[PDB]
Amino acid sequence: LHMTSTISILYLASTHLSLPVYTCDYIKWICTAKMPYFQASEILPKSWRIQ
DNA sequence: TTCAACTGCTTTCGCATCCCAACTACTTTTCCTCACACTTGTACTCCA
């Protein structure tokens with residue numbers, strides 16, 4: 001499992017719903033850092049990071 | 001019959017070598033992502 005895997009399962013659930021989103025948008029949305037892809041370890045768990 | 005060291009005493013209460021640390025390095029802990037060499041047919045004609 002990798003951060004490539006949490007976007008892939010975010011895309012399988014998108015290509016189930018017949019959505020006009022594509023992997024162009026999933027690779028655009030993280031470079032603009034809208035959804036928490038890069039450095040998501042920092043502020044989100046707050047206690048599972050330390051151990 | 002004398003010189004020279006050994007001698008205890010001035011008050012009266014209360015005041016008053018071993019360890020630690022610094023910063024910058026290098027390294028390990030592992031987990032994740034793919035390639036590089038091998039092989040049978042098939043294809044394009046090859047010589048019969």
Side-chain angles (χ1 to χ4, degrees):
Chain A
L1 289 176
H2 188 268
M3 289 300 292
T4 55
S5 175
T6 193
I7 309 298
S8 66
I9 66 172
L10 194 62
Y11 180 68
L12 299 181
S14 73
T15 186
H16 165 69
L17 270 26
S18 180
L19 290 175
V21 67
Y22 299 102
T23 187
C24 181
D25 288 332
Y26 284 102
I27 206 66
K28 185 177 74 66
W29 277 338
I30 63 168
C31 290
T32 61
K34 304 290 178 65
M35 59 185 178
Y37 182 83
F38 295 107
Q39 298 293 321
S41 296
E42 179 187 357
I43 59 171
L44 281 307
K46 290 286 187 178
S47 294
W48 299 341
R49 174 68 186 274
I50 195 169
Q51 62 177 354

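All chains are named by letter (A, B, ...) in the order of the sequence lines, taking the proteins before the strands, and each is independently numbered beginning at 1.
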Heavy atoms, side chains only, cut-off 4.5 Å: are A:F38 and A:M3 in contact? no
Tell me whether B:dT33 sits syn or anti, counting syn as a glycosidic angle within 90° of 0. anti
Positive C1'-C2'-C3'-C4' counts as north, negative as south. Which one applies to B:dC15? north
Under the rule that ring centres be under 5.5 Å apart and planes under 30 degrees, are B:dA4 and B:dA5 stacked? no
Mind telling me the pucker class of B:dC9, north or south, from the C1'-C2'-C3'-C4' torsion? north
Value for CG (A:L17) from CG (A:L12), rounded to nearest 0.5 Å, stands at 12.0 Å
Six-ring stack, B:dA22 vs B:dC23, 5.5 Å / 30 deg cutoffs: yes
Sugar geometry class by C1'-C2'-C3'-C4' for B:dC38: north
Nearest 0.5 angstrom please: A:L44 CG to A:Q39 CD, how far? 11.5 Å
Do A:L10 and A:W29 have side chains that get closer than 4.5 Å, going by heavy atoms? no
Might you confirm whether atom CG of A:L1 has over 12 heavy atoms from other residues, nucleotides or ligands at distances under 6.0 Å? no
Based on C1'-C2'-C3'-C4', put the sugar of B:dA37 on the north side (positive) or the south side (negative). north
Distance check, P atoms only: B:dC20 and B:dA16, in whole angstrom units. 40 Å
Would you jot down, in residue-number order, the residues of residues 1-10 of chain A having a non-hydrogen atom under 4.0 Å from DNA chain B? A:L1, A:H2, A:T4
Given the rule that positive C1'-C2'-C3'-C4' is north and negative is south, which one is B:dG41? north
Group every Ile, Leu, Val, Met, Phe, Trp and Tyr by side-chain heavy-atom contacts under 4.5 Å, then state whether A:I30 and A:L19 land in the same group. yes
